[PDB]
Structures are given as structure tokens and as C-alpha cells.
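What follows is a set of notes on a single structure, which appears directly below.
Note that each Cβ is placed from the backbone with ideal geometry, even for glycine, and that neighbours are counted across all protein chains shown. Every read-out reported here was derived from the displayed coordinates using simple, explicitly stated rules and does not represent laboratory data.
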Number of protein chains: 2
Amino acid sequence: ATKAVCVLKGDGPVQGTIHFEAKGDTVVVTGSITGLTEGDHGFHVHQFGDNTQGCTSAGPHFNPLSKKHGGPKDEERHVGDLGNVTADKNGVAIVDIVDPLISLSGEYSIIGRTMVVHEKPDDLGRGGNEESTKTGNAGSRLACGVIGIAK
Amino acid sequence: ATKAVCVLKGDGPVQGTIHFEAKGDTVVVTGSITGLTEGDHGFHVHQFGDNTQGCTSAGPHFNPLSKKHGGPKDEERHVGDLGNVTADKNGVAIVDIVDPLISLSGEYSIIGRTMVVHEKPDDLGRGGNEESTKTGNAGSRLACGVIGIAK
Ligand SMILES: [Co+2]
Ligand SMILES: [Co+2]
Ligand SMILES: [Cu+2]
Ligand SMILES: [Cu+2]
């Protein structure tokens, strides 16, 4: 499993396609998201690839190491913690992320899991509430999609 | 992964939810599909979990052993060859299968791949034409979805 793809869709105007490519011991995440309100939005990998109930069924962030919510560069982060994507004035966000924690194979494999883009920005668990240590206070799930094997 | 799910959707009335469960050394496929034309419909695992171009981007049938298209009971078949589902008068198909070739882990894993329900009945590789040895003349893909890890 060296390439994956995800199509983000939801109940609103938010849409996008994310590409995953394994490079060395990292995964390179690229793509774009549209129909986003300007600014930052939490971008995470949720535990389940279950769409039965929309984005709600994806569960919490992928967290095999049973840690607290954090930023991508933090040591105490969920594996699904990719931090933030930033939409321009016209509501477009270009995704360009490199991450050593997520993987396309084995234990930390994200294939068959769900990618979610949130309503508010991710505080990286520095909010001071409890919530910050769980969710980053990213709010609602604007769009999501199952990560699948790509050519 | 021992439990998986798939939510089928398309540009039609057809939809459904199919579940996969690892029971013993085999995989049990259950669920239901609606909005189908009465009769048989090809039901296969396509290779790519790429939904960027609808079900089209799912590629051909999952076929790691490089065999020709066949029926679920044939020696010569694609791993993705689950045969046909049958729709009742009221256009409802109930899925209930056990398969010795598909898996939820390892080289035969269908996780991250695409379940597709076709417009026509599957030939089971017995049509007499090339197309038979490929898709069973199952025709267009009415609905599909990427198989994700479930709770
Ligand atoms: Co998190
Ligand atoms: Co086939
Ligand atoms: Cu999240
Ligand atoms: Cu097919």
C-alpha cells in the first residue's frame, strides 16, 4: 500500500480530494478542499471508516498509542492529528503535509479509516479545556471520506 | 481488522449498506441494497478505493492471483468475484455471503477497496465472449463505496 486517496464530501458546500503517498518513513499528504470559510480548519484522521451515519460514525481521532490530542509536531498527539489546513479568501485550502506517524501499511495504517475536515481551527491541545486535549476544539465535521487504495 | 463496512451510493436510486465480519477463517458478508431493478446484479470487489470519478475510478476487479473472471464457486475467478445479488419485486436485495477468497487483513484484504453493484446479472465467466472473461457482462456500476474499518 503505497498510495491512497480520499474523497471528502458532506452535507454542505465542503468538498475535496486528498492524496496519500508513502515516501520513506513518511506519508506525504496533498490535495485541496473547497467551500470552506476562510481561515483554519482541523484536519484529522478519524478511527473508523464507517459512513453509515455520515461523518459522525467515523468515531474519534485515530489513537492507537492512547495519547492525548496534540499538534502534528508534538510528541503527545493522536496519530490522526494532522493539525490545520488553511483556506484562502475564496474558501480553497491547499493541502501539503508530511507526516511520520501516519502510515499506509501496517499498525499505524490509515487505509480504511476516515479523513475529516472540521468547522473551527484546531488548537493543538493547548486550549485549556479539557476539550482541547481531546478534539483541539475543531468543532463540527464539515466533510469526510474513507481512505482507499489508489493506483 | 475483523469488522468492515461499506456504504453504497451512486447517481441513481440505488443504495445500500454492506458489512463484513471475520468469522473463524472466513469472511461473512451481510447487508442490503435498494432501488435495484428486479433480478440479478453482479456484486464485485473492485481493486481501487478511488472514488474520484464515481465508481469508474474503482478500476477492474480485485485480482491478485491474475485469473479470469468467474463465479464465486469457481476455481478460476477473481478474488473480487462475489457473483450476483438478487432483487425482489420491490427492488430489495438481501446480501448474505461467505467467501473463502476475500480477507480483512493481509494480501487478500479488501479494506480500502471498492464494493460495486452492477446493472446487469453476472455471467460468471460463461458468456462466450471476451467481456465474459473480464466482468461477466455485468455492465455499468450503479453504486459503489470504499470498504472501511468498522467498530
Ligand atoms: Co486528536
Ligand atoms: Co471478476
Ligand atoms: Cu477530528
Ligand atoms: Cu464488477
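So the values come out like this:
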{"read-out": "Within segment A:94-114, considering residues that are within 16 Å of ligand 3 (Cβ to nearest atom) and closer than 15 Å to residue A:21 by Cα, the one surrounded by the most Cβ atoms within 10 Å (Cβ to Cβ)", "value": "A:110"}
{"read-out": "Residue identified as closer than 20 Å to residue A:49 by Cβ and either in a loop (DSSP other than H, G, I, E, B) or more than 14 Å from the chain's Cα centre (by Cα) (or both) among B:107, B:76, B:131", "value": "B:107"}
{"read-out": "Residue among A:24, A:42 that is more than 14 Å from chain B (Cβ to nearest Cβ) and free of Cβ contacts under 8 Å to residues at least 12 places away in the same chain", "value": "A:24"}
{"read-out": "Subset of segment A:97-151 (residues that are among the charged types (D, E, K, R) and within 13 Å of chain B (Cβ to nearest Cβ))", "value": "A:107, A:113, A:151"}
{"read-out": "Flag if residue A:17 is among the hydroxyl-bearing types (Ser, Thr, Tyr), in a strand (DSSP E or B) and touching a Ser or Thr at 6+ places or on another chain (Cβ under 7 Å)", "value": "yes"}
{"read-out": "Test result for residue B:82, touching a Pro at 6+ places or on another chain (Cβ under 7 Å), within 21 Å of residue A:149 (Cα to Cα) and either away from ligand 2 (no atom under 13 Å from the Cβ) or hydrophobic (A, V, I, L, M, F, W, C) (or both)", "value": "yes"}
{"read-out": "In segment B:48-93, the residues that are more than 23 Å from residue B:19 (Cβ to Cβ), more than 13 Å from chain A (Cβ to nearest Cβ) and surrounded by fewer than 14 Cβ atoms within 10 Å (Cβ to Cβ)", "value": "B:65, B:66, B:75, B:76, B:89"}
